[PDB]
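Undergrad: Pasting a structure below so you can have a look.
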Ligand SMILES: *[C@@H]1O[C@H](CO[C@@H]2O[C@@H](C)[C@@H](O)[C@@H](O)[C@@H]2O)[C@@H](O[C@@H]2O[C@H](CO)[C@@H](O[C@@H]3O[C@H](CO[C@H]4O[C@H](CO[C@@H]5O[C@H](CO)[C@@H](O)[C@H](O)[C@H]5NC(C)=O)[C@@H](O)[C@H](O)[C@@H]4O[C@@H]4O[C@H](CO)[C@@H](O)[C@H](O)[C@H]4NC(C)=O)[C@@H](O)[C@H](O[C@H]4O[C@H](CO)[C@@H](O[C@@H]5O[C@H](CO)[C@@H](O[C@@H]6O[C@H](CO)[C@H](O)[C@H](O)[C@H]6O)[C@H](O)[C@H]5NC(C)=O)[C@H](O)[C@@H]4O[C@@H]4O[C@H](CO)[C@@H](O[C@@H]5O[C@H](CO)[C@H](O)[C@H](O)[C@H]5O)[C@H](O)[C@H]4NC(C)=O)[C@@H]3O)[C@H](O)[C@H]2NC(C)=O)[C@H](O)[C@H]1NC(C)=O
Ligand SMILES: *[C@@H]1O[C@H](CO)[C@@H](O[C@@H]2O[C@H](CO)[C@@H](O[C@@H]3O[C@H](CO[C@H]4O[C@H](CO[C@H]5O[C@H](CO)[C@@H](O)[C@H](O)[C@@H]5O)[C@@H](O)[C@H](O[C@H]5O[C@H](CO)[C@@H](O)[C@H](O)[C@@H]5O)[C@@H]4O)[C@@H](O)[C@H](O[C@H]4O[C@H](CO)[C@@H](O)[C@H](O)[C@@H]4O[C@H]4O[C@H](CO)[C@@H](O)[C@H](O)[C@@H]4O)[C@@H]3O)[C@H](O)[C@H]2NC(C)=O)[C@H](O)[C@H]1NC(C)=O
Ligand SMILES: *[C@@H]1O[C@H](CO)[C@@H](O[C@@H]2O[C@H](CO)[C@@H](O[C@@H]3O[C@H](CO[C@H]4O[C@H](CO)[C@@H](O)[C@H](O)[C@@H]4O)[C@@H](O)[C@H](O[C@H]4O[C@H](CO)[C@@H](O)[C@H](O)[C@@H]4O)[C@@H]3O)[C@H](O)[C@H]2NC(C)=O)[C@H](O)[C@H]1NC(C)=O
Ligand SMILES: *[C@@H]1O[C@H](CO)[C@@H](O[C@@H]2O[C@H](CO)[C@@H](O[C@@H]3O[C@H](CO)[C@@H](O)[C@H](O)[C@@H]3O)[C@H](O)[C@H]2NC(C)=O)[C@H](O)[C@H]1NC(C)=O
Ligand SMILES: *[C@@H]1O[C@H](CO)[C@@H](O[C@@H]2O[C@H](CO)[C@@H](O[C@@H]3O[C@H](CO)[C@@H](O)[C@H](O)[C@@H]3O)[C@H](O)[C@H]2NC(C)=O)[C@H](O)[C@H]1NC(C)=O
Ligand SMILES: *[C@@H]1O[C@H](CO)[C@@H](O[C@@H]2O[C@H](CO)[C@@H](O[C@@H]3O[C@H](CO)[C@@H](O)[C@H](O)[C@@H]3O)[C@H](O)[C@H]2NC(C)=O)[C@H](O)[C@H]1NC(C)=O
Ligand SMILES: *[C@@H]1O[C@H](CO)[C@@H](O[C@@H]2O[C@H](CO)[C@@H](O[C@@H]3O[C@H](CO)[C@@H](O)[C@H](O)[C@@H]3O)[C@H](O)[C@H]2NC(C)=O)[C@H](O)[C@H]1NC(C)=O
Ligand SMILES: *[C@@H]1O[C@H](CO)[C@@H](O[C@@H]2O[C@H](CO)[C@@H](O[C@@H]3O[C@H](CO)[C@@H](O)[C@H](O)[C@@H]3O)[C@H](O)[C@H]2NC(C)=O)[C@H](O)[C@H]1NC(C)=O
Ligand SMILES: *[C@@H]1O[C@H](CO[C@@H]2O[C@@H](C)[C@@H](O)[C@@H](O)[C@@H]2O)[C@@H](O[C@@H]2O[C@H](CO)[C@@H](O)[C@H](O)[C@H]2NC(C)=O)[C@H](O)[C@H]1NC(C)=O
Ligand SMILES: *[C@@H]1O[C@H](CO)[C@@H](O[C@@H]2O[C@H](CO)[C@@H](O)[C@H](O)[C@H]2NC(C)=O)[C@H](O)[C@H]1NC(C)=O
Ligand SMILES: *[C@@H]1O[C@H](CO)[C@@H](O[C@@H]2O[C@H](CO)[C@@H](O)[C@H](O)[C@H]2NC(C)=O)[C@H](O)[C@H]1NC(C)=O
Ligand SMILES: *[C@@H]1O[C@H](CO)[C@@H](O[C@@H]2O[C@H](CO)[C@@H](O)[C@H](O)[C@H]2NC(C)=O)[C@H](O)[C@H]1NC(C)=O
Ligand SMILES: *[C@@H]1O[C@H](CO)[C@@H](O)[C@H](O)[C@H]1NC(C)=O
């Protein structure tokens, strides 16, 4: 039989948590953007390797290849952005870009105390791309060019 | 009915520059290396995934997997190289290797004010190989020297 | 194929980990693979064939391993660097052995035999202490 | 309602300039682009001009291109359509109207770098005003 | 420019008799978001424009259930089931795929008499 | 410090031409069941474009990878779709026939084993003369073209033939570059380029000796060639505006279904409704003359001003020398002589009738033994199209001075795809660049 211990937070544990506290669970989310078969087991890995081998000649194996590649692309799709910005992780980082209130005026005492990440997310969906681009140019503009020039003697 | 705003310069717009100006937009260029469908792209991305559900085809279907894997690998190859050089982040990274005039001796002013990246490529292409090697040696010696 | 250190103890091996530096492969191998990636066009025209299929799968696997290993270093706030530190007190519950014995007369591999049931937690405490907390503390300083 | 009210019409001579004004009661505005259209005495309908919800993108009809001027004030809740160098053909009843769907903020395309606006059909008209030209 | 036309201008109907008006476009109105940019409008003498349907086969809220849109490709239609004598008036097709926003024939529904 | 130091730049806008494979998007796609509705992204209607300023680039239509793509890809996909379809092996039985009552198509009968044991002999198979091969003197007994090489794949009844607009785009890490310039030669440097997310709509029309429904030139008719000096290569002529042609229909007819196996179905034509009619195409004679003149002008530009001659095809197999033509999903081969029967120098009806043959056994792309059978379409087929260009060949045996002689062109279908892909390049991006500057990487 199997007995059980205790959290140790848990996957998506902060999903409904107030963002102020949920902000301290980032390790859990990040840990699992490449998984669902964690720990040796150690029969699960053996089985998966066995099916990855046996099924290499057929469509179902191909569909596993499809899924695996997808996972990797999604991962790197985020790592790319984190690399481009001066935010190599690090779970969090700050920019030089000033928050433009056009996006949202809401008070921080409302944000950090009574709102989930998803509620917050709904409100900034349409400004995501703009925000990214502004971070990007802020990263390059001066913070890298002038930086180079700050070592210019 | 769709209206158009302003730039926000897009993909490869910098080619008209002029390396002095090309130091800008390095992010604009780099950001699209892993996607020609950047963004949610409603009424595109949905079909992109739908297509990958239809991979019961052989030969043809698998060619798309090859493409995707090679894209990933191409990206990662560059990422490893930068890691080796100590340039993990990001856009601009100076080394401690002094420029060998043998490679080129054109005025610095000529280079940045009146020369385009494409040209620069053509000019020092034949030395790329050993330039990279030398950069590696720099970081190698720095591993040990910084001890 | 950087396993030269396997014939030594952890002390000594620890002097050669930085000597290894140069990746266990990949890197220049990927450059050699670039030459092969050009060839892949021929291997595309080839059509779907066993070995070809295996190769595709092999590439996928290789890459997956690389990134999985790298991932944790990023999340840990250690990046790399081959040697980093983290503020996690070595809970003696895991092990209790003199450092002289831990580093000397201790094959690295052999050592792992006795750490395996604790490695999992150790990762957690690293995460949830080292980066979970410290990340905020820097921001918290920057708030003032 | 969303009650559309238009004024400032009448009859003027060719070559003159005018202003038409459009005020809407109970209406957000900032989320909604607006239209100006033309109902001619020649018994047809014409689109005349369009302006984004935030007044950052304006399109004119080819016939009024370089002649008309659309503008906005989202604080005063009012649209303006001025008309320069009126020609006789411009004699018509002009109608101020609002779009059917809501509009979100302009969406920035990361590949091309262009900031796009999206438009649509329309759902509410006022009664406009009659503006005629000549003697 | 996208242009288009409608059925011949005079359509006579009778109370209870269904009737339909088509609209032929110079180009398919497929929109980039996956929908079709077609609208139907109508108005009576001395009456401002009213919106009938806003998508192909999707009538507008507040509009009677009589109105049934349909069709596809480059040529669409609007059928009114069980036409009432009070449905008379001008009918316009309107496209919104591109600028300028244009209108169809501007037909008119009236009644049969003897 | 006069000594400059190496600085690495990442995200540097440079590119190299390189071979790769593009991502097909079969824009705007019971459906069914073509084009690449099952081998290409369902829809991608809205192309993006970025104009570049002070740049140039060298283009070479005649060695452009993207053609090789479509050349393989189209064959591949078209082939693919036929794998699960019926192979008409029983049909190879020796046929016996008779000319249909008013030379003529024939009303054939033949023995065939189907259902259970035995066979059913008396049939009503209306076959066209150019689908069969007469055997033994003047006997009425014979068999289909080249059954010895299979040639019996019946295209699935459900599969359409209709050519639809398809787009190509580039995969991550690559970009499609287009030369934004009117009059572009097709070969050499372009001074005004722009990048595009995808190509413009391509229409995969299989046709020969005649370019149909393609893109038009903007100012004046143009003529492109790899090497005008070299008389062995085909030239491509692109019209400044199209010439509309309306092709017609055979006798109205009904499709009959014949049971040939355990679910195997063979379709043919058994019944003629009304009079027998000649399939053909009609084209304005005057208009042809008009645009032909336009072409001639530029042909003169290519060799001083020598007189221009258009001769009909050199002669041979109809499937080579007539112009093939798709319409309604059936295959026409029409005589083009009337269109290429003129001379031009320093100085009748209203329209021309061009008789067509209608074939059913089609050998696509001159493949060996892979010919197909096109099932008949019920009723009559009315279709009209736009001639947008010509494929021509200069006669290598010109020994008369003062004149330049052309015949309908030739070669494979690669040229047919060139008529659209003549301004596109596919290049790989190369992010990493290295340049000197006056700053040193500081230690620690
Ligand atoms: C961001 O982003 C987002 C997204 O976007 C997208 O995506 C992206 C990615 C890209 O791509 C882009 O491009 C795109 O776009 C966005 O979103 C957006 O938003 C907007 C807003 O903003 C919106 O808009 C809206 O809309 C709507 C519509 O739509 C919807 O629906 C539809 C439907 O369809 C159809 O239907 C039918 C039924 O009906 C059916 O049967 C059919 O089947 C259908 N069809 C189909 C095909 O299906 C749909 O379609 C659509 O879609 C939509 O939905 C959606 O979807 C999506 C997906 O797509 C999802 O997701 C979602 O979820 C959905 N949604 C939902 C909700 O579900 C409309 O409706 C609206 O409008 C309405 O509402 C409003 C409200 O809200 C109103 O207003 C009001 O009013 C009142 C008065 O009355 C007022 O009060 C006042 O107050 C004052 C003070 O202040 C005082 O007190 C006074 O006294 C008082 O009075 C208030 O305030 C207001 N509100 C406000 C807010 O303001 C209006 O009005 C309306 O309502 C209605 O109306 C009408 C008219 O029109 C009327 O009628 C009339 O009436 C009268 C009396 O009155 C008489 O009777 C006459 O006769 C008649 O006519 C009625 O009544 C009313 N009602 C009531 C109850 O009342 C709006 O417009 C849009 O939509 C969107 N989009 C989408 C696509 O969705 C956003 O935006 C952005 N942004 C951010 C920030 O984020
Ligand atoms: C088979 O061959 C046949 C031909 O034999 C092919 O059919 C032809 O197909 C094309 C494409 O569908 C059609 O042309 C297209 O027509 C539209 C619209 O043009 C009409 O409106 C013009 C504007 O009119 C308004 O404004 C003027 C005043 O300024 C007022 O007078 C009017 O009343 C209107 O209010 C008008 O100028 C045009 O007339 C001109 O053209 C005709 C010839 O077609 C001549 O008789 C006339 O005398 C006159 O010269 C016309 O009535 C155009 O919008 C199309 O061009 C745009 O799009 C092109 C790309 O596709 C682009 O290259 C152009 O530059 C242009 O785009 C630019 O301009 C637009 C605005 O004008 C902008 O919105 C746009 O953003 C851009 O800035 C195009 O010409 C042909 O009419 C049609 N022929 C027939 C017989 O129907 C068919 O394609 C072939 N094959 C296939 C498979 O179908
Ligand atoms: C060098 O290559 C560049 C591209 O890299 C070409 O640029 C195009 O140039 C033409 C001419 O200046 C531009 O066309 C004009 O566009 C007007 C509409 O502009 C709006 O829409 C476009 C997309 O259509 C948006 O890009 C732009 O921002 C606008 O929002 C039309 O109104 C014009 O039409 C009028 O003039 C033409 C003749 O030129 C008439 O035929 C029409 O009837 C009408 O009177 C016109 O089409 C085009 O927009 C430019 N592209 C871009 C990316 O800016 C150059 O043409 C090219 N040079 C060479 C020699 O080929
Ligand atoms: C395309 O190349 C042309 C040159 O062939 C570029 O034009 C030049 O661009 C620069 C930057 O905009 C201009 O320089 C500025 O000029 C003003 C006034 O002379 C001066 O005050 C500034 O200090 C600066 O030098 C230059 O004048 C302009 N040349 C001309 C002919 O207008 C253009 O930038 C290039 N485009 C691309 C995308 O690089
Ligand atoms: C397949 O079709 C052929 C015709 O294309 C049929 O040929 C005819 O077949 C019959 C039966 O074998 C032959 O009949 C013979 O006729 C003579 C005189 O009437 C009689 O003496 C014999 O006893 C016999 O019935 C007929 O001669 C033959 N025709 C020729 C040209 O050879 C054949 O019947 C068909 N098979 C099927 C299954 O229907
Ligand atoms: C277009 O390509 C054709 C070949 O496809 C080129 O034709 C070549 O033209 C030259 C000049 O007429 C011929 O040169 C002659 O060759 C003989 C033997 O080598 C030599 O004895 C003569 O002194 C002379 O050089 C050459 O043979 C001929 N090639 C062939 C295949 O006939 C033409 O030059 C090309 N044009 C362009 C612009 O490159
Ligand atoms: C290709 O064009 C030819 C004409 O060049 C078309 O054939 C002609 O078609 C008409 C209509 O079927 C025939 O005219 C009819 O003749 C009868 C008796 O004279 C008369 O009663 C009708 O009112 C009508 O005029 C005409 O004779 C026929 N020409 C010949 C040579 O048979 C054919 O229809 C065209 N195809 C295309 C697709 O349009
Ligand atoms: C050859 O094709 C023609 C059409 O090109 C066929 O003509 C059509 O034949 C049917 C049967 O005789 C006629 O059906 C009648 O049509 C009317 C209206 O659709 C309907 O009210 C009747 O209940 C009936 O179905 C049809 O009208 C006639 N079309 C015309 C133009 O006359 C003919 O059937 C084809 N050949 C074969 C063997 O059927
Ligand atoms: C800086 O470069 C010069 C020239 O190097 C040559 O060109 C390069 C682009 C690459 O192709 C090299 O392999 C070539 O050697 C160097 O000059 C060489 O110096 C060595 C001694 O160190 C001498 O034996 C060679 O003959 C020289 N080459 C020539 C062509 O004369 C120079 O040494 C380099 N500077 C430094 C500090 O390393
Ligand atoms: C040739 O096909 C025709 C139909 O296209 C067949 O015609 C029928 O033939 C039978 C036998 O003579 C008659 O019973 C029918 O009445 C004919 N139909 C009509 C429309 O006349 C014929 O059977 C076929 N084969 C032969 C050898 O002629
Ligand atoms: C080009 O075709 C035109 C007709 O499209 C020919 O012109 C006709 O010439 C005859 C003889 O002069 C006149 O009877 C016609 O009225 C002319 N037609 C028109 C439209 O004017 C001309 O002959 C043709 N050229 C060639 C070389 O055949
Ligand atoms: C036709 O050839 C003649 C020569 O036989 C060319 O005539 C010369 O053309 C050039 C360009 O127009 C002029 O510089 C000369 O003065 C012309 N010579 C004379 C005698 O007038 C003419 O260019 C040729 N046409 C073609 C299209 O190449
Ligand atoms: C937030 O917006 C409200 C109106 O919605 C306004 O009263 C307040 O001034 C705004 N705050 C900001 C910082 O603009």
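Undergrad: Put one equal scatterer on each alpha carbon of the range F:171-320, apply the Debye formula with no solvent term, and list log10 I(q)/I(0) at q = 0.09, 0.21 1/Å to two decimals.
TA: The Debye formula, applied to the Cα set alone, gives -0.53, -1.59.
Undergrad: Measure off 7 Å from each Cα along the Cα-to-Cβ vector at residue A:131 and residue A:88, then give the distance between these two points in nanometres to one decimal.
TA: With each label placed 7 Å out from Cα toward Cβ, I get 2.5 nm.
Undergrad: In square nanometres, what is the average projected area of the Cα convex hull of the range F:233-350?
TA: Values: hull surface 46.8 nm².
So the Cα hull casts an average projection of 11.7 nm².
Undergrad: Here's something else I'd like to know. So what's the Cα pair-distance distribution over the range F:133-208, bin width 10 Å, in %?
TA: Histogramming the range F:133-208 at 10 Å steps yields 13, 21, 23, 15, 15, 9, 4 percent.
Undergrad: Of B:69, B:59, B:38, which has the largest mean-square fluctuation in a 10 Å C-alpha GNM of chain B?
TA: B:59
Undergrad: With viscosity set to 1.306 mPa s and temperature to 10 °C, compute the Stokes-Einstein D of the range D:45-86, Rh being the Kirkwood radius across alpha carbon pairs; µm²/s, no decimals.
TA: Details: Rh = 10.9 Å.
Here the translational diffusion coefficient equals 145 µm²/s.
Undergrad: Continuing with the same structure: Can you figure out the FRET efficiency of residue A:100 with residue B:57, using R₀ = 51 Å and their beta-carbon distance, to the nearest 0.05? Could the numbers behind the result be given before it?
TA: Working: r = 47 Å, r/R0 = 0.93.
It comes to 0.60.
Undergrad: Exposure proxy check: F:407, D:38 ranked by fewest other beta carbons within 10 Å? Don't skip to the end; give the middle numbers.
TA: Details: F:407 18, D:38 21.
Neighbour counts put them in this order, fewest first: F:407, D:38.
Undergrad: Each label point is 7 Å from the Cα along the Cα-to-Cβ direction; what then is the distance between the points at residue E:33 and residue F:277, in nm?
TA: In this crude spin-label approximation the distance works out to 4.7 nm.
Undergrad: Let me know the mean shielding of F:380-391 by other chains, meaning the per-residue number of their Cβ atoms within 10 Å of its Cβ.
TA: Details: counts 0, 0, 0, 0, 0, 0, 0, 0, 0, 0, 0, 0.
If you average over the peptide's residues, the count of other-chain Cβ atoms is 0.
Undergrad: Over the residues of the range F:335-444, compute the C-alpha Rg and express it relative to 2.2 N^0.38 Å.
TA: Values: Rg = 26.9 Å, N = 110, 2.2 N^0.38 = 13.1 Å.
That ratio works out to 2.05.
Undergrad: Counting partner chain Cβ atoms within 10 Å of every residue's Cβ in F:43-56, what's the average?
TA: Working: counts 8, 7, 7, 9, 1, 8, 4, 11, 3, 5, 6, 5, 6, 1.
Across the residues of F:43-56, the mean count of other-chain Cβ atoms within 10 Å is 6.
Undergrad: Equivalent ellipsoid semi-axes for the range B:59-142, as square roots of 5 times the alpha carbon gyration tensor eigenvalues: give them largest first, rounded to whole Å.
TA: 31, 19, 12
Undergrad: At a Förster distance of 60 Å, what's the computed FRET efficiency of residue F:87 paired with residue F:220, Cβ-Cβ distance as r, to 0.05? Can you show the working numbers first?
TA: Working: r = 51 Å, r/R0 = 0.84.
According to the calculation, E is roughly 0.75.
Undergrad: Another question about this same structure. Any chance you could tell me what percent of the C-alpha pair distances in chain C go past 24 Å?
TA: Working: 5532 of 10296 pairs.
Cα-Cα pairs of chain C separated by over 24 Å account for 54 percent.
Undergrad: Further question on the same structure: In bins 10 Å wide, starting from 0, what share of all Cα pairs of chain D does each bin hold, as a percent?
TA: That works out to 12, 43, 31, 11, 2, 0, in percent per bin.
Undergrad: Percent relative contact order of chain D, based on C-alpha pairs within less than 8 angstrom and at least six residues apart?
TA: Numbers: 316 pairs, mean separation 44.4, N = 135.
Reported as a whole number, the value is 33 percent.
Undergrad: Suppose we keep just the alpha-carbon trace of the protein assembly as shown; what are its Rg and Dmax in angstrom?
TA: 36.1, 116
Undergrad: Going from the alpha-carbon gyration tensor of chain F, what semi-axes, largest first and in whole Å, does one get by taking the root of 5 times each eigenvalue?
TA: Values: eigenvalues 461, 188, 63 Å².
Its equivalent ellipsoid spans semi-axes of 48, 31, 18 Å.
Undergrad: Still on this structure: For chain C, take the longest principal axis of its alpha carbons; what is the angle in degrees between that and the long axis of helix C:116-125, to the nearest 10 within 0 to 90?
TA: 80 degrees
Undergrad: When all C-alpha to C-alpha distances in the range E:1-112 are sorted into bins of 5 Å, what percent of pairs does each bin hold, rounded to whole numbers?
TA: Going out from 0 Å in 5 Å bins, the range E:1-112 shows 2, 12, 24, 26, 19, 10, 4, 1, 0 percent.
Undergrad: May I pose another question? Calculate how steeply helix C:132-142 sits against the longest principal axis of the alpha-carbon atoms of chain C, using the helix alpha-carbon long axis, and give the answer as 0 to 90 degrees to the nearest 10.
TA: Around 80 degrees separate the two axes.
Undergrad: A follow-up question, please. Please average, across the residues of C:129-137, the number of beta carbons from any other chain that are within 10 Å of each residue's own beta carbon, and give a whole number.
TA: Values: counts 1, 1, 7, 8, 2, 2, 9, 5, 0.
Mean inter-chain Cβ contacts per residue within 10 Å come to 4.
Undergrad: Once you wrap a convex hull around the alpha carbon atoms of the range F:199-265, what is its projected area averaged over all directions, in nm²?
TA: Details: hull surface 40.1 nm².
The directionally averaged projection comes out at 10.0 nm².
Undergrad: What residue among D:67, D:19, D:114 shows peak mean-square fluctuation when chain D is described by a Gaussian network model with Cα springs under 10 Å?
TA: Residue with maximal mean-square fluctuation among D:67, D:19, D:114: D:114.
Undergrad: Compute the angle between helix C:10-20 and the longest alpha-carbon principal axis of chain C, please, reported from 0 to 90 degrees and rounded to the nearest 10.
TA: That works out to roughly 40 degrees.
So basically every Cβ, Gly included, is an ideal-geometry build from the backbone, and we count neighbours across all protein chains shown. Values in this text are rule-based calculations from the coordinates and carry no lab data.
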